[PDB]
Amino acid sequence: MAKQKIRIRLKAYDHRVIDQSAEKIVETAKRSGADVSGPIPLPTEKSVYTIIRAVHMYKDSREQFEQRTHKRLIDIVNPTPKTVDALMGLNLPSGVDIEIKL
Amino acid sequence: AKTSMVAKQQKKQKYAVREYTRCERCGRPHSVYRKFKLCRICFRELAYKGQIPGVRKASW
Amino acid sequence: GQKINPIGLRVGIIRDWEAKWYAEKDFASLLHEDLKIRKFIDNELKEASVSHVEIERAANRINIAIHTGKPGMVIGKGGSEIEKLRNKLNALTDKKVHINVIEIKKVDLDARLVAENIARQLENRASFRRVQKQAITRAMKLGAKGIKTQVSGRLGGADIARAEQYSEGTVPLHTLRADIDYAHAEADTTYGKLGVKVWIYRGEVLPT
Amino acid sequence: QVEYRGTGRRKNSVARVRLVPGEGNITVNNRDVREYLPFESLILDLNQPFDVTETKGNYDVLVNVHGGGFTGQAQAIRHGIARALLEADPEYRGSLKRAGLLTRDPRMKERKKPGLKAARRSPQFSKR
Amino acid sequence: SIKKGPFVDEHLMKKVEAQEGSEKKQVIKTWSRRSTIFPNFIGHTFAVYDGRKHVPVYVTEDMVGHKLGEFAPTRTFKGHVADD
Amino acid sequence: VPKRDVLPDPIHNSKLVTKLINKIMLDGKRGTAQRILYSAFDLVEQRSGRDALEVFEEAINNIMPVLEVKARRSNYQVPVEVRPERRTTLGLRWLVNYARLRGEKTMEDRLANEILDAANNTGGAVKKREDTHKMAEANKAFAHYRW
RNA sequence: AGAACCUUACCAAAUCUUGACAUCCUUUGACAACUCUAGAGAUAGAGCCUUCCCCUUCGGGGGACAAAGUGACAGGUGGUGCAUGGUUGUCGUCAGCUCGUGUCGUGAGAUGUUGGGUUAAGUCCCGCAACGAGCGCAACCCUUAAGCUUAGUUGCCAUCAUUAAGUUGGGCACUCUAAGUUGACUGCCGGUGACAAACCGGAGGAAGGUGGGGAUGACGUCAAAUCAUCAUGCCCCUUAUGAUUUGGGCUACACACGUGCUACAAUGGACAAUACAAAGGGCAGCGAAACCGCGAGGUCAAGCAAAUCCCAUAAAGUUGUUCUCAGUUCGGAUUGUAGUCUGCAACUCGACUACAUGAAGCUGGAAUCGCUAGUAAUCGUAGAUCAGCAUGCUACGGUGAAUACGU
């Protein structure tokens, strides 16, 4: 669908750090403008790594692992160079992976 | 031995794959992941350390 | 089994990682970047006796901080040393850094420091027992709810290996809100090798 | 006119039931009940709500649904029905809760752990 | 099999060209695993390295059903007491 | 430890059908037993014109043990009444298990023959009844003065 | 959690000595590549050009090269797991095991932790020369069952219009997605019970007596396993117990053993139509459409770093036609031929399709294992390891039961 817009994606591994950071960049988004979109969730993909507790043998007693990956989705309408600075001004803390986009 | 096999899998090769992708620090080839290039035990005993991201564990 | 380390259990809830950076799925470049950091620090550890170093990593930079009981070893007199270490680091890290020393507080109650210490007295052939009783004793003055302290191997540089432990106070272990400082060590004198397994418990707290 | 609406959850499925007053004639996904179930002639059990509650019946029905086999979602049908008949009048709960049909059956599949393989069988011992 | 098409290791051909256009041998050395028969290689006496010591085999015209890649296995009697 | 019932089945209207189909369901294919049974209650009425409940209910009385044994200890064994749950469970259990043992090629002929012969007090179901009720309630003298 | 080579440790052959490789001193130097020759490669034999790049005032300094000397050296899948660290099974998630103070006893030891009652639980009350503490069970955390708020794209389309189609206008009502919080705790009622603990039943609610599950594994035991993940004491090898390479074998074959697959057919077999998932992976990788070919596959190239697009039809099932009990249109082994892809090359030893073959076998003896409800039984899907290769492993859902008299 056609519209003037900003959109980004975040990624990190902790719902608290990611959602407080979302509170930052939403606050600063509408700080310098309007028409923000909230911190829209995403399915939060996962992984798995099954390993045997072992050195030599005894495969029956296996072990697992995983790496959750939050995903967050934000949009803004009516761009301007100021909310740009709200994007590239504050990501902090920096376990996040921002990819500023249009 | 394992020491010259480090050199084996390090050098140039005649073609694409006579290779094996073994663990950086542990000299074990088997039971290795491409994502990390760490062997079986070593990823685990480091996984406990709270070093690599991340949780780990027990939700599946 | 049999037992495990708590740190891979308490992690996910009540401790962040010792290493942090962007995934992008390319880990190996950056994790095995971290791996050499994890090597070289030994040549500070030998003089410093540090607890743990973090690696935060923003986009274009690196930011770490080493937890010590001995700052003066690493800071240099008036900064003579950490710049030198940046120089010997950039040669292999091949990228910039802001190495930023951190002090850990109630400074010597910590685990890897103290485990390292008792190992140190076992390096010069101290008898085993006084090490452990004095460990727990000073620990209890400094404030704590309970400690365990262990050794393994051939004691007194002697016949077939054994293991003991002199714990005091409550050491809540199978619970899940503890925030305990587990560590481990090694030491050789003449016969095999001697490790330990320190533990503590110092009150219940979350990272938020 | 007016209709009522409650969901249906069971057995890794999801049903969005739309309860419209009518004679009773049902087309899930714009498709009749017979046209959706193999074989199946246990359909009167989806009309078990209509025998005990809104006796004898009936209301026409619309619904959309996906996920899980035919059974678990055929019985995901029931819960938005009972809930919706209680949206109408809480009168009907007393004969429902002495029959159930509303407690969204919490049971479903179970993870594995070593012993189970390509089909669900746990292992043997080494004899002789 | 083959992805279109037949082939040779192309050290074999380079040898046996000079061996063959002129008078031939009763004897050859080789490794001959990445390679095979086709009409240039008949009559000459190749010897695949069996693992211990290459054995002379003389090619025959009819070696279309059999090939060069192997003639005398590494198993070599048997390994077992009984037989076929 | 209680039973966790099966509700009705309205084809043809009764519940013993409901308990029946589940035993025939070899390897979890409930529609096949559903079909062949329901057709069995078409054909049993077709041949020997009568009601499905006449042949079915009457047979599963005729093949239904009411006295029975159990062992314990030398080799003694108590004669024992059958609970109504196990009563029908045995009727249907041995019913299908021998209905197999006829040996026809057809889905329903074997059954209609089975319960329509049982309803005539013939067939190995009835013979099983007579054997169990033979060894039972003939040696009652020794094992009866107990639970 | 991937044996053509590689891996691979083992064998034959040609090969090497600070060596395959790492640090140190000298000695230099930024580094190198393409062809010929000989060779199976390893290699060298020659052309050719690696070329003081960061800093120089003629030297120099440096990451980094260098061939040679080269003593310290290096290396050992070389032995001892009954010398060790570390790591892991097992008794067993069995419910227990221990310490202080004090008492008794000549003492070893006992006392607590015993008895009554009670529990899945050394769980808990009461009583008692015993009082307290710890480790342990429980919780504490993840996941699951319902609801409330928040947020609405790639998700959804209820109101409507439009459409191959939610594809787009519009919408966030519902579903959903992931975040915050409510709830279940003998907790409310009734009886029983030493009034107490606790047991039994009643309501409510989505969910009642640890609600299902997971993770978690006491003191210790088996001188249990591993020196071959690694680390390491001792001992041993060194012009070879170290090294490079080609080929080979780790996959043999009179036999037994164990694990698992498909069969011994009418709930069945062949053909045709037809509906319902969940979860997970894809950047030098997913391979859409269309085209060729019987087929594996091939051309071709759109979209795709992902709620977008591809993997990816889900299969079982349901409806139909035929089959009418045969070693059969049962089964699907073995063999020959013709072909597809990957890799250099599929000969030992890859996988795959097409044709033909058409094995043993018609429910299993003596003995024997699994399992108490989303379980067994049963169908298919995804992934890791990965140039190619999983009947195995892990997770994913689909259909879905009988019995539990009783100790």
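Chain B is numbered as in Swiss-Prot; the shown residues are, in order, 2-61.
Determination method: electron microscopy, 3.8 Å.
The backbone N, Cα and C atoms fix where each Cβ goes, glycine too.
Residues or ranges marked as Zn(2+) binding site in Swiss-Prot: B:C24, B:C27, B:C40, B:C43.
Taking the centroid of the Cβ atoms of B:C24, B:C27, B:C40, B:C43 as the Zn(2+) site, the other same-chain residues with Cβ within 8 Å of it are B:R23, B:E25, B:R26, B:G28, B:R29, B:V33, B:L39, B:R41, B:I42, B:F44. Note on B:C43 (Zn(2+) binding site): other Cβ atoms within 10 Å of its Cβ, all shown chains, come to 16. Sparsest Cβ environment among the binding-site residues B:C24, B:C27, B:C40 (other Cβ atoms counted within 10 Å): B:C27.
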